[PDB]
Amino acid sequence: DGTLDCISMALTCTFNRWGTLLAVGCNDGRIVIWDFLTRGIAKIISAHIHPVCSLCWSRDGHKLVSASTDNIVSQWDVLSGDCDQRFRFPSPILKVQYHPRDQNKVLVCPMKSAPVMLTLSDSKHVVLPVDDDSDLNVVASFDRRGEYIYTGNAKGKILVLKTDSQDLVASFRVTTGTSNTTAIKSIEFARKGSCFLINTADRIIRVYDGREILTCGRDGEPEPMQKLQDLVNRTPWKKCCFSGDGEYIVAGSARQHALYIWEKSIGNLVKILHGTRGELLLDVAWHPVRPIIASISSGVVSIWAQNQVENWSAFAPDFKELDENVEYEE
Amino acid sequence: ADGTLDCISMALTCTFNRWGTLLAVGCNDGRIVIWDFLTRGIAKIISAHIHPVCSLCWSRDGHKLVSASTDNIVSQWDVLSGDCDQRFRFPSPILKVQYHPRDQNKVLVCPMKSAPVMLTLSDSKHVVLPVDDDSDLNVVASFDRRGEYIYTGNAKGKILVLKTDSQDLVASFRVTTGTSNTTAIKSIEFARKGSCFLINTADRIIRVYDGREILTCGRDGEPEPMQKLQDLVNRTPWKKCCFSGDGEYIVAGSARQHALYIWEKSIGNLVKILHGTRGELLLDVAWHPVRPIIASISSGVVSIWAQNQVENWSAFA
Amino acid sequence: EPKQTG
């Protein structure tokens, strides 16, 4: 729908809180920050020697936290390019995430270890509790306010811990209807409200109200607000997330390079965006405050946007853009 | 044969919101078009005036737009809904409307014939500001950056600095030519960083002052401008000028060629000229508050001039 | 001191 020609070997991407900038982690170990206002590069960071597989913006928009494949986790100053701090873990890192209300805390999700929460100023840490003991593969997410941490393991068990104490305050196993378990591949929260979604190995996206889970308490059976799946092709989902307002959900099918978009409330498929057929889908993000979606496939970023009813059905004045490509400088 | 020429709008005036995600554009048909930098298309259209809108200003919080038409009507618009919040009828036309940069309950209106007026909108009191010598034909004015002072300038080159709340004269001076004649003050613009501002005068010289030096000087001072900027080759007069977002550059639109001149403020040096399509009349210019982007309106068409940082790579097959 | 045009 319009790809970015200035960025190559894209691997992961995330918007800042206002969606003026797009941080793009790349296969060459660089973070390239693209600017929605100038439609050009804002900042390049030489961040690793190994591919950048995970990024997260601090709430104040000044810091980036990244993870390599060398098991390094670094915090960057987006203005200066400087590395404020750097941690090396045993085993590789799936996910890094700032505490949403406190950028001194970051959550790390290692491959074979339990999840770890750090504080950057005092280089202290917590390893978080774990249910099946042989969890090994566990993913975790702060909730929208950062007062709880949700985890999911390979056996379909969701722990709800309180971020300060790490105390189990709610839990439930996610059901295949049958009774067989199903692995949790990711947990994502809406930017507005209390809803979150779970991507699972049975290829059904489950939408839950966070409060519905707290009420159900320890070892509950909360029922999903919504169950999203593709019953034609039974497609697996590479990545899912909410719209910034939280009432739509996009999920990327790598298998058929397409993005499905449902309504969260009612549940019906609203539309499917098809990219080229050669390419493999790597990442998807939804703009925090606009009907814009970013896609990475085969190292190319694609922006999908939606303008309102007008744009010439309204006989508006003409807009022309004159762009002056200049060389990136620090 | 014709048809769509009848209803397509001409842009006449434009202004960025505080973060430069939105460009508000006023048109000949009274509409206000809100253009979105993030999606690169129109977000909203406000059906605002019966007549061309000529002045526009965004509130600090981004939710309200104040606008002036050729009806001598000053309206406040709620941008999310598109509803009018409040309307004023003036006698004589309006040159300029401006929100107080820190308190959007106050609006400065500059009528052509009259002296400038400051509205409080929670309750609609106005209060005329003082004017010297009563050449009150063509008084221009502007809040300074934080809105503690209003700066006025008249057709005889007299600049007053007034306290905003108390309205009391705290500094003044008179801008003269190299021949000790006065020249008319055509516009006043403050930068978004620092305390410098600029004036466009009828003698085709943009003067840059430090507002700190001017308060220091007090009533009937002689402060000298930090910079005097002008077309040395063609002596073009200036339709409109303003600072870059950080205050280090000044753009100035030629009233006689579709051309934008850009100087570095500190050393007064002219670094580039943007030539629009030949033959068009330049109507407005705005520098983006936080980016190297300039919007300009000429012959009803909006132009976005943007620098885009790229790397040198390109394809080989 | 450049110039750009169009």
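The residues of chain A that appear here are 18-347 by Swiss-Prot count, in order.
Cβ coordinates are placed from backbone N, Cα and C, and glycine is handled just like the others.
Now, the feature entries from Swiss-Prot:
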- A:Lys129: SUMO2 cross-link (CROSSLNK)
- A:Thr252: phosphothreonine (MOD_RES)
- A:22-63: repeat 'WD 1' (REPEAT)
- A:64-103: repeat 'WD 2' (REPEAT)
- A:148-188: repeat 'WD 3' (REPEAT)
- A:196-235: repeat 'WD 4' (REPEAT)
- A:249-291: repeat 'WD 5' (REPEAT)
- A:293-331: repeat 'WD 6' (REPEAT)
Report the DSSP secondary-structure composition of the repeat 'WD 3' (A:148-188) as helix, strand and coil residue counts. 0 helix, 21 strand, 20 coil
Sequence-distant residues near the repeat 'WD 6' (A:293-331) by C-beta distance (under 8 Å, 6 or more away from its ends) are 18-21, 24-32, 34-36, 39, 41, 43-44, 51, 208, 255-261, 265, 267-271, 274, 276
Which sequence-distant residues neighbour the repeat 'WD 1' (A:22-63)? Criterion: at least 6 residues beyond either end, Cβ under 8 Å. 69-74, 76, 78, 81, 83, 85, 93, 95-96, 98, 261, 299-300, 302, 304-307, 309, 311, 313, 316-318, 340, 342, 345
For the repeat 'WD 6' (A:293-331), how many residues does DSSP put in helix, in strand and in coil? 0 helix, 18 strand, 21 coil
Secondary structure split (DSSP) over the repeat 'WD 4' (A:196-235) reads 7 helix, 17 strand, 16 coil
Using DSSP, what's the helix, strand and coil tally for the repeat 'WD 5' (A:249-291)? 0 helix, 22 strand, 21 coil
